[PDB]
Number of protein chains: 2
Amino acid sequence: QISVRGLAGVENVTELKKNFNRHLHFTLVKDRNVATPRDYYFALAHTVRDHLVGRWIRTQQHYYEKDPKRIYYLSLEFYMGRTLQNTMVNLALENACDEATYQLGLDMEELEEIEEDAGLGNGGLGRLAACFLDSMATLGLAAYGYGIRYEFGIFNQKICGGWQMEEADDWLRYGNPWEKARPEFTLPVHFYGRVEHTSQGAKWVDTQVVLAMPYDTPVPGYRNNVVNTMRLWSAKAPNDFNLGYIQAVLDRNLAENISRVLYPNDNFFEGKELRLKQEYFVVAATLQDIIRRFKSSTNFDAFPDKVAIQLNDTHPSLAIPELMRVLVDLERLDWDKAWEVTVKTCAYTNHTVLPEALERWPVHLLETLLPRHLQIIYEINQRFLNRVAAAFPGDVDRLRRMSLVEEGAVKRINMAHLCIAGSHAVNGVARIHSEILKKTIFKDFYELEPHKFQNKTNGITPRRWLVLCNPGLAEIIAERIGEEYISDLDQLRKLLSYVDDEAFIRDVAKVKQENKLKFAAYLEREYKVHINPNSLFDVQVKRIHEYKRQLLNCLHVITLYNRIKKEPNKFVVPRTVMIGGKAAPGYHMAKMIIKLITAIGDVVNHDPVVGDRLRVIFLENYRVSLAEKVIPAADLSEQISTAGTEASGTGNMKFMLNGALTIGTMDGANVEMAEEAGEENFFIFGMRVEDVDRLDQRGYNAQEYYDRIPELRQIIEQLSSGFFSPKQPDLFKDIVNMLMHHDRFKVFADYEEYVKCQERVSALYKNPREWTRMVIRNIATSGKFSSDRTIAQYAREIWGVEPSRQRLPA
Amino acid sequence: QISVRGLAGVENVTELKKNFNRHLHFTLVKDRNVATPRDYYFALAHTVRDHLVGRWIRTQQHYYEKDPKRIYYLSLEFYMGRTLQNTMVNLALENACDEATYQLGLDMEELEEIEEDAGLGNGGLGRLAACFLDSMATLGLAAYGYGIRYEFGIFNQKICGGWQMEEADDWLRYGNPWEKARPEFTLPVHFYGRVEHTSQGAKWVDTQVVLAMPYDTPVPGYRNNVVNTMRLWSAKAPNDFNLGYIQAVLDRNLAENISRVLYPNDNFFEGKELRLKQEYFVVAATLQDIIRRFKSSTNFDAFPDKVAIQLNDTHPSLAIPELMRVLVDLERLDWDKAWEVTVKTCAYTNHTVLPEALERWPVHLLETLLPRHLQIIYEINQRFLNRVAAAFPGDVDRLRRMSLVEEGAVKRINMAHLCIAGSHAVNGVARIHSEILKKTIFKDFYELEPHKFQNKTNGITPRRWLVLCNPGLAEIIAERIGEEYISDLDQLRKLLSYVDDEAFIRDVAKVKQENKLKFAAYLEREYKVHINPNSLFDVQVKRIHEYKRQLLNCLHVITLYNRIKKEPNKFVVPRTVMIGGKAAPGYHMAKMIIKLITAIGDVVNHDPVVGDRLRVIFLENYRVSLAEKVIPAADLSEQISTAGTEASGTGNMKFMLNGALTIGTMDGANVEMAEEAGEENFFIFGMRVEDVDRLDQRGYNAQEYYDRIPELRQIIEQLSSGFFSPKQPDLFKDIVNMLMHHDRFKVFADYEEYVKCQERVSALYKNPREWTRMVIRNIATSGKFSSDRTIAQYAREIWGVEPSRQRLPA
Ligand SMILES: O=c1[nH]c(=O)n([C@@H]2O[C@H](CO)[C@@H](O)[C@H](O)[C@H]2O)c(=O)[nH]1
Ligand SMILES: O=c1[nH]c(=O)n([C@@H]2O[C@H](CO)[C@@H](O)[C@H](O)[C@H]2O)c(=O)[nH]1
Ligand SMILES: O=c1[nH]c(=O)n([C@@H]2O[C@H](CO)[C@@H](O)[C@H](O)[C@H]2O)c(=O)[nH]1
Ligand SMILES: O=c1[nH]c(=O)n([C@@H]2O[C@H](CO)[C@@H](O)[C@H](O)[C@H]2O)c(=O)[nH]1
């Protein structure tokens, strides 16, 4: 059908059809008479999977032959989403499979919707790991993703009575055709026990054993025949476990609960023992696997030359003391040599400066669960502080500020300090974020070892986030500049010479209108809700959090509603405001924000006077697959976090690449996006980081804004009086109280400028031609935000390896 | 290689090899360089499985087209063992696969040993269900086996310090290539709740829901292209289950524990709630499946004409009240009509008369877990007793004896009485057993409804128990009379005309010697233990129980040892005594019997004076796969249960079919075996049932035997003094006490005759030629014990269907 989807050759279509029928018969054990849509989906999945195996086997054989330096990306989250379409795109099989299924009398798009999302992540951090794996394979790096195979991923969100309800994400229910169990590589992981100090070295004994069984999933690079591996560990009890008889067998569940479920917290630390076990479980199994592969290449001096370990946040921070344990206790290396190897092998990526998100584990927990690691951490701390004392003699406060051990109510271990001390590189995820790290929270560390600190601005993969979710846009672009940009996004700059091209302007606007019509139809199909496709699609999708300020968006929506009610027969640019995202189960305020959104919609969407001029819809169960649908249909991207709180943001990049203009604060990657496109082509507003600091020094008083802004006062009075909750007048009392007395994120402070800025947005939308020309200027300069650029920087500046765009023989 | 293993055609061997390589590549994702023996086993399993699918799909389509009466065999146990070789045998692919793997440079026998046994059963009862499925498919019946897919089957037995140690049987660890999940047929099962009586009928509400997910396994008939289905249910929690968040997800384990593990009790009732849940779980899911299939053929009058439900023991007895519940509460049929349909649909098989094995569930348990079923059971009881009262006016004691409800400490429901009342046929499993049912335990019921009682003597499948485990014997037999006997075992009688044939006599003896050499080698291979292949292989394998009297065997062994020590230089026929079997985890006496066996071996096997004249070995982890190895190598089969206790026995039939002579009591099927072969060709000894009754009436006093038999007294004194347990002199005090003061099975009473009989056995073994001629007379008359004969009788006399030997187009 479309160019960028590859060729539909005669031979290939014929081959695909016969293999599809073979799998339906032999694999699914069914015939066309009793086969269900799900049966057809699996028949197609197995058919596409077959095309991966050959490349998968030779890629790994290749690495064995060439023995290049290996990159190990450790993360407790991999937000993969669906795999079928992504695999077809990277193998250039989309059109052939589309044709083949068509001839079999089937609609491939219908079958694609049957696949469950692999929701092994919460949001940005988990998605970043997924985009990175794609880019590493596309850049020919010998990379491996290591994580946990959660039985239950992020919960499915249901909205009942306007409230969020959570239900288990049993994604493995019907089976996963993409994974391959490798029980032959099962490894033992130890817990509890005690430390014995013998003649030669310490020994960790009397431990409880839990087995780690790996499951491998293929990660195909973009049309380069490279297929890397994502290995996820599953917990298994040993057969002699607890061995009444029946009860002993049933208690196996205890040990296996380790890989049962993903903790649903986004940017928030919850110090639960089960979480600590998950963190050590992935680290312990992964390192044994790494060392095994290394020995199968005694000379640990060359370990850093053949191995690079990237820690995604502090979640896998235990890799540092665990590597020391193995080298010192098992391999018998002297401490100094072991430490040298560890530091040169490990690199750490920091993701958010919010204090409530930092991992600080109680010493009593580590003491009971990992006694040897606690001892190693104390020793690391002792030697690190000796270095600090020698560099800054007499600076006693610096010593306590930098310690890995925090004193107080309960002693805790600051995992971020542990990661900085044991890594040769520490990076932030956006220029402004990395600068904040050096200027504030890690100032002491930067002064001691300035060379360790770097910046690696985040990115997104243009495969899933353009070609896959927005084929129409990828096509009109390819028509003008070719297909090379798909793996070299910087080439999009060539589109700048088309900003005045009437044909192009018209095509860009047509693609957007088509995406909006498709999404508008989807809303009625699966969610039965009417919306006007001619309105401006104003969307904010991301996890619900106070710092992301979905509340500021709500205030604007209510402002628009009150203005309309005041002057009913006055023209206003029609808008469909869409807000979506999940709230962590125990985050009360976030759950109240969701209720507020649906409550506003209940009032606005049923007011006769408003008509189709304003609609407020809450996008239920926002996840990767839904993002792929709504982002291509958006006109306006809301990135309005308080300056200095959003480390980077990645959703913002997805919107920019798909033809939406951005309204946001100078926070995270927004700053670099505006810099790339030009501030005149971005809708910037609000306080800058410096402004926020000035306000804090002075003392933030929300009352002041309430007293001086009539429109704001009206809104707060409506909320307090029960205007949006008739049967429950004080339902939103907690929200009003927080906004008025303890708003850590200064919602009111940016209210006026935000509303003003939104007016400028509506003004531009009234001029279709100029709105589109600004869109083109955004798409044309979004190249810097490809994760291929990000990974190339990690490879050269941190891992010490060169990326390759060379194809492998298929 | 051998005739009975089919042809190794040029085309087929070529096809098998390419498909084997295809699976190793695409299915296992490996190459010949990294493939392990397990990888090769799976490659072979998937290759053979492919040959099943076509026949499986058309067999089921066939039943849909012809709509024959369906037979549903409900059992909580299906002791299947391995599936690879059995599948090749029934598809006539053994030689082709042997050749194909040979050419690939692989040993098929080595690969077959890699497959895990499907140990979803405890012993005879579970194995009977497995043999039955094979015969039903071979006889072309539209039959379905319904059970539970236990995650953990019967525990693996380890012997440590002479004691039994149990370890979890994680048989699904590496995956099961034979099963096919059918999540599309997932059904809800209800528990707890309460009963609401409305205007029209009662309603079961406020229940907890557990999902039942079916897994289908193919059951191939012998070379007739028929492939039936064994459907096993797995428990799954609903996604809204219990929906802190984390804990709610982790608590899903509670509900899913239902299908977690098989209760390891053999011939013993343990009234645990979890077991009751398993029993209802299988019954509830199965009946919904049956009714669905029935409606997809309103007219429940014809239900009994299209459906037959066979209850294997009382374990699935809840099918009766559950069928009534559905018909009355859901379909709205009047009670009388519903009862008529139920009785005509259900048939019940009784398996043992031991009182401790009878299921008698506490009313308080049924009251809380299945409130509606308890009400239905009371109503059934009320109407049944009204019938009894009318038939035997004034016989008040008969009323209390026949009640389904037992009064006393705690009220209980006698499930056997429930089954008799609600079934149109009740059968015993051996002639003597069925007679005992009518004369004793079910006398009252027989007098009320004599027509209901029948006999169906057990049998074993000649496919697994001859062709598969003893190809050498099947071959020399085929050479003389053809291959027809494999599916018509009665033809073995033709071998009687070869009893004087010198060539045949020599071949029979050669095959046995070969089997013994092979087994003797196996013992050293996997268990490192030396034995003399020239000795008489005396074996007793079956679950450890007091009624089976492994203790009587022990007394004989010790007698032989004491006699040798007394007259060292006197000649005696060499023997290797082998005893094997598992003991239920909580059965103390059985565990003590195992310890006694190993203790005897410790003394006997290391006594210089004995030499290789006597060896005592305990066969560890006795299971189906081990039975297939030891039975073909046996010379003497020990079937020595106290007369009247072994309902039938089936191991006895396996030994008779494989060339071993039998020493046993006139109990269970032993009586019919001796009758078929002729008492002169059997080694019968001990009390008959009538003798046991006389002793009980008089009062059994073990002391008498001890006082009058010097050799017996010596043995008991050795046991008491610590002769077999030096470091622990009183280790066997419990055994001696039981034998002397409360032996329910009269071990001493049969001691003298047993030892005398064993002397006659040794006398015959000294004459190779005559021993073999007697063996031939046994094999020649073992035809009656084929499960094909058993199933043909069930089909004609109970289910109302005609068996067919017609092939289906492949
Ligand atoms: O994901 C979450 N983010 C949050 O900000 N919180 C918040 O943490 C605060 C510090 O303990 C509490 O005071 C708040 O009541 C709580 O909502 C959560 O409980 N969960
Ligand atoms: O637990 C967390 N979850 C997250 O999603 N993040 C996020 O990681 C992203 C990738 O670097 C950043 O772009 C986001 O700004 C950050 O909030 C965190 O920093 N921490
Ligand atoms: O499988 C088993 N078979 C048994 O015979 N027993 C027996 O049941 C008897 C009745 O309660 C007890 O008195 C015995 O001590 C026990 O070993 C078991 O505990 N388990
Ligand atoms: O729990 C039980 N397990 C058993 O193995 N049996 C057995 O079932 C067999 C098949 O009918 C019989 O041949 C055995 O004699 C009987 O003990 C029972 O009767 N009960």
# chains A, B, ... in the order shown; residues from 1 in each chain; ligands from 1
call {"tool": "residues_around", "arguments": {"residues": "residue 235 of chain B", "least_positions_apart": "4", "cutoff": "7 Å", "atoms": "only C-alpha atoms", "output": "ChimeraX atom specification"}}
result
/B:210-213,256,258-259
call {"tool": "write_last_selection", "arguments": {"atoms": "N, CA, C and O atoms", "output": "PDB file, in the first residue's frame"}}
result
ATOM      1  N   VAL B 210     -13.854 -18.866  40.881  1.00  0.00           N
ATOM      2  CA  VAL B 210     -12.532 -19.347  40.498  1.00  0.00           C
ATOM      3  C   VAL B 210     -12.705 -19.824  39.057  1.00  0.00           C
ATOM      4  O   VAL B 210     -13.662 -20.540  38.751  1.00  0.00           O
ATOM      5  N   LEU B 211     -11.805 -19.424  38.167  1.00  0.00           N
ATOM      6  CA  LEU B 211     -11.907 -19.836  36.775  1.00  0.00           C
ATOM      7  C   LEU B 211     -11.232 -21.180  36.530  1.00  0.00           C
ATOM      8  O   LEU B 211     -10.249 -21.522  37.185  1.00  0.00           O
ATOM      9  N   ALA B 212     -11.785 -21.944  35.594  1.00  0.00           N
ATOM     10  CA  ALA B 212     -11.242 -23.246  35.230  1.00  0.00           C
ATOM     11  C   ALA B 212     -10.778 -23.151  33.781  1.00  0.00           C
ATOM     12  O   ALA B 212     -11.598 -22.986  32.878  1.00  0.00           O
ATOM     13  N   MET B 213      -9.468 -23.227  33.565  1.00  0.00           N
ATOM     14  CA  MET B 213      -8.915 -23.151  32.213  1.00  0.00           C
ATOM     15  C   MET B 213      -8.533 -24.553  31.763  1.00  0.00           C
ATOM     16  O   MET B 213      -7.740 -25.223  32.420  1.00  0.00           O
ATOM     17  N   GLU B 256      -5.718 -20.094  43.117  1.00  0.00           N
ATOM     18  CA  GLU B 256      -5.039 -20.960  42.167  1.00  0.00           C
ATOM     19  C   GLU B 256      -4.406 -22.200  42.793  1.00  0.00           C
ATOM     20  O   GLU B 256      -3.996 -23.118  42.077  1.00  0.00           O
ATOM     21  N   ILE B 258      -5.865 -24.495  44.160  1.00  0.00           N
ATOM     22  CA  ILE B 258      -6.758 -25.631  43.943  1.00  0.00           C
ATOM     23  C   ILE B 258      -6.164 -26.702  43.029  1.00  0.00           C
ATOM     24  O   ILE B 258      -6.319 -27.901  43.280  1.00  0.00           O
ATOM     25  N   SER B 259      -5.482 -26.276  41.972  1.00  0.00           N
ATOM     26  CA  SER B 259      -4.888 -27.232  41.047  1.00  0.00           C
ATOM     27  C   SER B 259      -3.382 -27.329  41.229  1.00  0.00           C
ATOM     28  O   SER B 259      -2.666 -27.785  40.338  1.00  0.00           O
TER      29      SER B 259
END
call {"tool": "residues_near_ligand", "arguments": {"ligand": "ligand 4", "cutoff": "7 Å", "atoms": "only C-alpha atoms and all ligand atoms", "output": "ChimeraX atom specification"}}
result
/B:122-126,128,265-268,351-352,357,429,458,646-650,668
call {"tool": "write_last_selection", "arguments": {"atoms": "C-alpha atoms", "output": "short mmCIF file (atom, residue, chain, number, x, y, z; two decimals), in the first residue's frame"}}
result
data_model
loop_
_atom_site.label_atom_id
_atom_site.label_comp_id
_atom_site.auth_asym_id
_atom_site.auth_seq_id
_atom_site.Cartn_x
_atom_site.Cartn_y
_atom_site.Cartn_z
CA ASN B 122 -0.87 -42.36 43.11
CA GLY B 123 -1.07 -45.94 41.94
CA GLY B 124 -3.58 -48.46 40.66
CA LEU B 125 -6.62 -46.19 40.52
CA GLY B 126 -4.76 -43.52 38.56
CA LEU B 128 -6.43 -47.71 35.53
CA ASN B 265 -2.76 -40.63 49.74
CA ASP B 266 -3.28 -44.16 48.45
CA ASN B 267 -6.36 -46.03 49.73
CA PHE B 268 -6.81 -43.48 52.54
CA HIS B 351 -12.45 -49.51 44.23
CA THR B 352 -11.66 -50.74 47.76
CA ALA B 357 -10.51 -45.17 52.39
CA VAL B 429 -13.33 -54.30 39.87
CA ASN B 458 -9.83 -54.61 35.65
CA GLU B 646 -6.91 -55.93 47.39
CA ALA B 647 -10.01 -55.04 45.34
CA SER B 648 -8.32 -56.18 42.15
CA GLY B 649 -4.71 -55.26 41.65
CA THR B 650 -3.34 -54.48 38.17
CA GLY B 668 -8.68 -59.61 43.89
#
call {"tool": "select_by_dssp", "arguments": {"residues": "segment 73-259 of chain A", "states": "helix (DSSP H, G or I)", "output": "PyMOL selection string"}}
result
chain A and resi 84-91+94-103+108-112+124-138+183-185+245-250+252-259
call {"tool": "residues_around", "arguments": {"residues": "segment 360-374 of chain B", "least_positions_apart": "6", "cutoff": "10 Å", "atoms": "only C-alpha atoms", "output": "count of residues only"}}
result
41
call {"tool": "residues_near_ligand", "arguments": {"ligand": "ligand 3", "cutoff": "12 Å", "atoms": "only C-alpha atoms and all ligand atoms", "output": "CSV table (one decimal) with N, CA and C atoms, in the first residue's frame"}}
result
chain,number,residue,atom,x,y,z
B,122,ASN,N,-1.6,-41.7,42.0
B,122,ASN,CA,-0.9,-42.4,43.1
B,122,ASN,C,-0.5,-43.8,42.8
B,263,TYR,N,-3.0,-34.9,46.0
B,263,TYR,CA,-2.9,-35.4,47.4
B,263,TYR,C,-2.3,-36.8,47.2
B,264,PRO,N,-1.2,-37.0,47.9
B,264,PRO,CA,-0.4,-38.3,47.9
B,264,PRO,C,-0.9,-39.5,48.7
B,265,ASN,N,-2.2,-39.5,49.0
B,265,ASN,CA,-2.8,-40.6,49.7
B,265,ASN,C,-3.3,-41.8,48.9
B,266,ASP,N,-2.9,-43.0,49.2
B,266,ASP,CA,-3.3,-44.2,48.5
B,266,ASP,C,-4.2,-45.0,49.4
B,267,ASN,N,-5.4,-45.2,48.9
B,267,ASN,CA,-6.4,-46.0,49.7
B,267,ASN,C,-6.5,-45.5,51.1
B,268,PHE,N,-6.6,-44.1,51.2
B,268,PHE,CA,-6.8,-43.5,52.5
B,268,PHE,C,-7.5,-42.1,52.4
B,269,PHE,N,-8.5,-41.9,53.2
B,269,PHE,CA,-9.3,-40.7,53.1
B,269,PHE,C,-8.8,-39.6,54.1
B,270,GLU,N,-8.5,-38.4,53.6
B,270,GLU,CA,-8.1,-37.3,54.4
B,270,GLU,C,-9.1,-36.2,54.1
B,271,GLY,N,-9.9,-35.9,55.1
B,271,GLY,CA,-11.0,-34.9,54.9
B,271,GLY,C,-10.5,-33.4,55.0
B,354,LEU,N,-11.7,-51.1,52.1
B,354,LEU,CA,-11.0,-50.7,53.4
B,354,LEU,C,-11.8,-49.5,53.9
B,355,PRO,N,-12.2,-49.6,55.2
B,355,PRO,CA,-13.0,-48.5,55.8
B,355,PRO,C,-12.3,-47.1,55.8
B,356,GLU,N,-11.0,-47.1,56.1
B,356,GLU,CA,-10.3,-45.9,56.1
B,356,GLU,C,-10.2,-45.1,54.8
B,357,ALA,N,-10.6,-45.8,53.7
B,357,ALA,CA,-10.5,-45.2,52.4
B,357,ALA,C,-11.8,-44.5,52.0
B,358,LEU,N,-12.9,-44.8,52.6
B,358,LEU,CA,-14.2,-44.3,52.3
B,358,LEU,C,-14.4,-42.8,52.6
B,543,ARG,N,2.5,-49.4,45.9
B,543,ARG,CA,2.6,-48.5,47.0
B,543,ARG,C,2.7,-49.2,48.3
B,544,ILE,N,3.4,-48.6,49.3
B,544,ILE,CA,3.7,-49.3,50.6
B,544,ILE,C,2.4,-49.2,51.4
B,545,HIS,N,1.9,-50.3,51.9
B,545,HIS,CA,0.7,-50.3,52.7
B,545,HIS,C,0.7,-51.6,53.6
B,546,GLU,N,0.1,-51.5,54.7
B,546,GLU,CA,0.0,-52.7,55.6
B,546,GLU,C,-0.8,-53.8,55.0
B,547,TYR,N,-1.8,-53.5,54.2
B,547,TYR,CA,-2.6,-54.6,53.6
B,547,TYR,C,-1.9,-55.3,52.5
B,548,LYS,N,-1.0,-54.6,51.8
B,548,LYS,CA,-0.3,-55.3,50.7
B,548,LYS,C,0.8,-56.2,51.3
B,582,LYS,N,6.2,-46.1,47.0
B,582,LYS,CA,6.2,-44.9,47.8
B,582,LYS,C,5.2,-45.0,48.9
B,583,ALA,N,5.5,-44.3,50.0
B,583,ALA,CA,4.6,-44.3,51.2
B,583,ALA,C,4.0,-42.9,51.3
B,584,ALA,N,2.7,-42.8,51.7
B,584,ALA,CA,2.1,-41.5,51.8
B,584,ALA,C,2.9,-40.8,52.9
B,585,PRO,N,3.2,-39.5,52.7
B,585,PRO,CA,3.9,-38.7,53.6
B,585,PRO,C,3.5,-38.8,55.1
B,586,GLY,N,2.2,-38.9,55.4
B,586,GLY,CA,1.8,-39.0,56.8
B,586,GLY,C,1.6,-40.4,57.3
B,587,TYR,N,1.9,-41.4,56.5
B,587,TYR,CA,1.7,-42.8,56.9
B,587,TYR,C,2.9,-43.3,57.6
B,588,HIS,N,3.0,-43.1,58.9
B,588,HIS,CA,4.1,-43.5,59.7
B,588,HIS,C,4.6,-45.0,59.6
B,589,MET,N,3.7,-45.9,59.8
B,589,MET,CA,4.0,-47.3,59.7
B,589,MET,C,4.6,-47.7,58.3
B,590,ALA,N,4.1,-47.1,57.2
B,590,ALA,CA,4.6,-47.4,55.9
B,590,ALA,C,6.0,-46.8,55.8
B,591,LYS,N,6.3,-45.7,56.4
B,591,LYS,CA,7.6,-45.2,56.3
B,591,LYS,C,8.6,-46.0,57.1
B,592,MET,N,8.1,-46.7,58.2
B,592,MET,CA,8.9,-47.5,59.0
B,592,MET,C,9.2,-48.8,58.3
B,593,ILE,N,8.3,-49.3,57.4
B,593,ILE,CA,8.5,-50.5,56.6
B,593,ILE,C,9.6,-50.3,55.6
B,734,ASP,N,7.9,-50.2,67.0
B,734,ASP,CA,6.5,-50.0,66.6
B,734,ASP,C,6.1,-51.1,65.7
B,735,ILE,N,7.0,-51.6,64.8
B,735,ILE,CA,6.7,-52.7,63.9
B,735,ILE,C,6.4,-54.0,64.7
B,738,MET,N,3.0,-53.7,66.7
B,738,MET,CA,1.9,-53.9,65.8
B,738,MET,C,1.7,-55.4,65.4
B,742,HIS,N,-1.6,-55.7,67.4
B,742,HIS,CA,-2.7,-55.1,66.6
B,742,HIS,C,-2.5,-55.1,65.1
B,743,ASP,N,-2.3,-56.3,64.6
B,743,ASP,CA,-2.1,-56.5,63.1
B,743,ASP,C,-3.4,-56.8,62.5
B,744,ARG,N,-4.0,-55.8,61.8
B,744,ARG,CA,-5.3,-56.0,61.2
B,744,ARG,C,-5.2,-56.9,60.0
B,745,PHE,N,-4.0,-57.1,59.5
B,745,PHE,CA,-3.8,-58.0,58.3
B,745,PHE,C,-3.2,-59.4,58.4
call {"tool": "select_by_dssp", "arguments": {"residues": "segment 76-303 of chain A", "states": "strand (DSSP E or B)", "output": "VMD selection string"}}
result
chain A and resid 78 to 81 118 to 120 143 to 148 152 156 to 160 163 to 167 180 to 181 187 to 191 194 to 197 202 to 205 208 to 220 227 to 236 261
call {"tool": "interface_residues", "arguments": {"of": "chain B", "to": "chain A", "cutoff": "6 Å", "atoms": "only C-alpha atoms", "output": "PyMOL selection string"}}
result
chain B and resi 26+50+167-168+239-240
call {"tool": "atom_distance", "arguments": {"atom1": "atom CA of residue 796 of chain B", "atom2": "atom CA of residue 308 of chain B"}}
result
12.1 Å
call {"tool": "residues_around", "arguments": {"residues": "segment 8-21 of chain B", "least_positions_apart": "6", "cutoff": "9 Å", "atoms": "only C-alpha atoms", "output": "list in words"}}
result
residues 1, 31, 40, 43, 44, 45, 46, 47, 48, 93, 94, 95, 96, 97, 98, 99, 100, 101, 103 and 104 of chain B
call {"tool": "residues_around", "arguments": {"residues": "residue 462 of chain A", "least_positions_apart": "2", "cutoff": "8 Å", "atoms": "only C-alpha atoms", "output": "PyMOL selection string"}}
result
chain A and resi 460+464-467+486-487+489+786-787
call {"tool": "write_last_selection", "arguments": {"atoms": "C-alpha atoms", "output": "compact mmCIF listing (two decimals), in the first residue's frame"}}
result
# COMPACT_ATOMS: atom_id res chain seq x y z
CA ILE A 460 12.64 8.20 21.52
CA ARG A 464 7.79 2.89 16.95
CA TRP A 465 7.08 6.59 17.39
CA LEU A 466 6.74 7.62 13.74
CA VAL A 467 6.81 4.85 11.13
CA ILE A 486 14.23 6.56 9.62
CA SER A 487 17.68 5.59 10.95
CA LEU A 489 16.53 11.41 12.02
CA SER A 786 16.04 10.28 18.29
CA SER A 787 17.29 7.70 20.77
call {"tool": "decode", "arguments": {"residues": "segment 621-631 of chain A", "atoms": "N, CA and C atoms", "output": "PDB file, in the first residue's frame"}}
result
ATOM      1  N   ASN A 621      -7.098   3.959  30.890  1.00  0.00           N
ATOM      2  CA  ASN A 621      -6.042   2.970  30.690  1.00  0.00           C
ATOM      3  C   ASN A 621      -4.920   3.391  29.729  1.00  0.00           C
ATOM      4  N   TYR A 622      -4.393   4.598  29.916  1.00  0.00           N
ATOM      5  CA  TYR A 622      -3.306   5.087  29.076  1.00  0.00           C
ATOM      6  C   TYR A 622      -2.135   4.125  29.209  1.00  0.00           C
ATOM      7  N   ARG A 623      -1.621   3.688  28.066  1.00  0.00           N
ATOM      8  CA  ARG A 623      -0.529   2.729  28.014  1.00  0.00           C
ATOM      9  C   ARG A 623       0.164   2.912  26.670  1.00  0.00           C
ATOM     10  N   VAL A 624       1.209   2.131  26.409  1.00  0.00           N
ATOM     11  CA  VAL A 624       1.950   2.277  25.155  1.00  0.00           C
ATOM     12  C   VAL A 624       1.070   2.168  23.911  1.00  0.00           C
ATOM     13  N   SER A 625       0.253   1.122  23.834  1.00  0.00           N
ATOM     14  CA  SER A 625      -0.609   0.948  22.672  1.00  0.00           C
ATOM     15  C   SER A 625      -1.571   2.126  22.478  1.00  0.00           C
ATOM     16  N   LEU A 626      -2.042   2.731  23.568  1.00  0.00           N
ATOM     17  CA  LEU A 626      -2.952   3.863  23.434  1.00  0.00           C
ATOM     18  C   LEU A 626      -2.178   5.113  23.008  1.00  0.00           C
ATOM     19  N   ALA A 627      -0.950   5.245  23.499  1.00  0.00           N
ATOM     20  CA  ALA A 627      -0.114   6.385  23.140  1.00  0.00           C
ATOM     21  C   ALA A 627       0.096   6.395  21.623  1.00  0.00           C
ATOM     22  N   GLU A 628       0.301   5.211  21.054  1.00  0.00           N
ATOM     23  CA  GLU A 628       0.519   5.088  19.617  1.00  0.00           C
ATOM     24  C   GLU A 628      -0.693   5.556  18.814  1.00  0.00           C
ATOM     25  N   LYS A 629      -1.855   5.619  19.457  1.00  0.00           N
ATOM     26  CA  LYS A 629      -3.074   6.054  18.781  1.00  0.00           C
ATOM     27  C   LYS A 629      -3.397   7.534  18.973  1.00  0.00           C
ATOM     28  N   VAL A 630      -3.289   8.017  20.206  1.00  0.00           N
ATOM     29  CA  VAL A 630      -3.622   9.405  20.501  1.00  0.00           C
ATOM     30  C   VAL A 630      -2.563  10.439  20.119  1.00  0.00           C
ATOM     31  N   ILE A 631      -1.286  10.097  20.246  1.00  0.00           N
ATOM     32  CA  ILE A 631      -0.252  11.064  19.918  1.00  0.00           C
ATOM     33  C   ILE A 631      -0.297  11.523  18.452  1.00  0.00           C
TER      34      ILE A 631
END
